[PDB]
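J.: Sharing a structure with you now.
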Amino acid sequence: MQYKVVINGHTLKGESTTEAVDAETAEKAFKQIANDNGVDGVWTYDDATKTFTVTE
């Protein structure tokens with residue numbers, strides 16, 4: 001399944017996508033991306049669009 005993270009950061013604004021078997025797998029990948037970029041925000045998940053949002 002095609003999952004996406006929308007990054008609403010103070011400095012970094014954008015999106016990343018990954019193919020994953022489930023949302024738990026995708027989530028762990030997107031949290032590492034946020035960690036790698038120092039993005040520290042609140043996480044929400046929208047399963048209608050398989051999209052995570054992290055909002056700083």
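Chain labels A, B, ... are given in the sequence in which chains occur in the structure tokens; within each chain residues are numbered consecutively from 1, and ligands are likewise numbered from 1 in the order shown.
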May I have the residues within 9 Å of residue A:21 as an NGL selection string, using only C-alpha atoms and disregarding those fewer than 4 positions away in the same chain?

T.: :A and (1-2 or 25-26)

J.: Which residues, written as JSON, numbers by chain, have at least one atom at most 9 Å from residue A:10, with only C-alpha atoms counted and residues fewer than 2 positions away on the same chain left out?

T.: {"A": [8, 12, 13, 39, 55, 56]}

J.: Could you save the residues just selected, with C-alpha atoms, as a CSV table (one decimal), in the first residue's frame?

T.:
chain,number,residue,atom,x,y,z
A,8,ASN,CA,4.6,20.6,8.5
A,12,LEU,CA,11.2,21.6,6.7
A,13,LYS,CA,8.0,21.5,4.7
A,39,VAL,CA,11.3,17.5,13.2
A,55,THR,CA,2.9,19.2,12.8
A,56,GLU,CA,5.5,21.3,14.6

J.: I want to know what sits within 12 Å of residue A:34, based on only C-alpha atoms, with residues of the same chain fewer than 3 positions away left out; could you give that as a CSV table (one decimal) with N, CA and C atoms, in the first residue's frame?

T.:
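Result file part_26.csv:
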chain,number,residue,atom,x,y,z
A,5,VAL,N,3.9,10.7,4.3
A,5,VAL,CA,3.9,11.6,5.5
A,5,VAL,C,3.9,13.0,4.9
A,6,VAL,N,3.1,13.9,5.5
A,6,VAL,CA,3.1,15.3,5.2
A,6,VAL,C,3.9,16.0,6.4
A,7,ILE,N,5.0,16.6,6.1
A,7,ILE,CA,5.8,17.2,7.1
A,7,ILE,C,5.5,18.7,7.2
A,8,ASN,N,4.9,19.1,8.3
A,8,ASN,CA,4.6,20.6,8.5
A,8,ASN,C,5.5,21.0,9.6
A,9,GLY,N,6.8,21.2,9.2
A,9,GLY,CA,7.8,21.6,10.2
A,9,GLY,C,8.0,23.1,10.2
A,11,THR,N,11.0,24.5,9.8
A,11,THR,CA,11.9,24.8,8.7
A,11,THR,C,11.7,23.9,7.5
A,12,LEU,N,11.4,22.6,7.8
A,12,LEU,CA,11.2,21.6,6.7
A,12,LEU,C,9.7,21.4,6.4
A,13,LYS,N,9.3,21.6,5.2
A,13,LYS,CA,8.0,21.5,4.7
A,13,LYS,C,8.0,20.6,3.5
A,14,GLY,N,7.3,19.5,3.5
A,14,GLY,CA,7.2,18.7,2.3
A,14,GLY,C,6.5,17.4,2.6
A,15,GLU,N,6.9,16.3,1.9
A,15,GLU,CA,6.2,15.1,2.0
A,15,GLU,C,7.2,14.0,1.5
A,16,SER,N,7.0,12.8,2.1
A,16,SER,CA,7.7,11.6,1.6
A,16,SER,C,6.7,10.5,1.5
A,27,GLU,N,4.7,3.9,9.4
A,27,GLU,CA,4.9,4.9,10.5
A,27,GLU,C,6.3,4.9,11.0
A,28,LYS,N,6.9,3.7,11.2
A,28,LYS,CA,8.3,3.6,11.7
A,28,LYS,C,9.3,4.3,10.7
A,29,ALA,N,9.0,4.1,9.4
A,29,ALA,CA,9.9,4.7,8.4
A,29,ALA,C,9.8,6.2,8.5
A,30,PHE,N,8.5,6.7,8.6
A,30,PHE,CA,8.3,8.2,8.6
A,30,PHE,C,8.9,8.9,9.9
A,31,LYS,N,8.7,8.1,11.0
A,31,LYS,CA,9.3,8.7,12.2
A,31,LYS,C,10.8,8.8,12.1
A,37,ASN,N,15.6,14.6,10.3
A,37,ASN,CA,15.5,16.0,10.0
A,37,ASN,C,15.3,16.9,11.3
A,38,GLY,N,15.3,16.3,12.5
A,38,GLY,CA,15.1,17.1,13.7
A,38,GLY,C,13.7,17.7,13.8
A,39,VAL,N,12.7,17.1,13.1
A,39,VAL,CA,11.3,17.5,13.2
A,39,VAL,C,10.6,16.9,14.4
A,40,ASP,N,10.2,17.7,15.3
A,40,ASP,CA,9.6,17.3,16.6
A,40,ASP,C,8.2,17.9,16.7
A,41,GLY,N,7.3,17.2,16.2
A,41,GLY,CA,5.9,17.7,16.2
A,41,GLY,C,4.9,16.6,16.7
A,42,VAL,N,3.6,17.0,16.5
A,42,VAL,CA,2.5,16.1,16.9
A,42,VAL,C,2.1,15.3,15.7
A,43,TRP,N,1.9,14.0,15.8
A,43,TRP,CA,1.6,13.1,14.8
A,43,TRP,C,0.1,12.8,14.7
A,52,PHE,N,0.1,10.1,7.0
A,52,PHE,CA,0.5,10.7,8.3
A,52,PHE,C,0.9,12.2,8.2
A,53,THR,N,0.5,13.0,9.2
A,53,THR,CA,1.0,14.3,9.3
A,53,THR,C,1.8,14.6,10.5
A,54,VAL,N,2.9,15.2,10.5
A,54,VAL,CA,3.6,15.7,11.6
A,54,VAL,C,3.7,17.2,11.6
A,55,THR,N,3.1,17.8,12.7
A,55,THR,CA,2.9,19.2,12.8
A,55,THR,C,3.7,19.8,13.9
A,56,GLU,N,4.7,20.7,13.6
A,56,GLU,CA,5.5,21.3,14.6
A,56,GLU,C,4.8,22.6,15.1

J.: How many Å separate atom CA of residue A:24 from atom CA of residue A:48?

T.: 15.2 Å

J.: I need the residues in chain A that are strand (DSSP E) according to DSSP; give them as a PyMOL selection string.

T.: chain A and resi 2-8+13-19+42-46+51-55

J.: Apply DSSP to the backbone of this structure and, from chain A, keep only the residues in helix (DSSP H, G or I); write these as a list in words.

T.: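 Helix (DSSP H, G or I) assignments inside chain A correspond to residues 23, 24, 25, 26, 27, 28, 29, 30, 31, 32, 33, 34, 35 and 36 of chain A.
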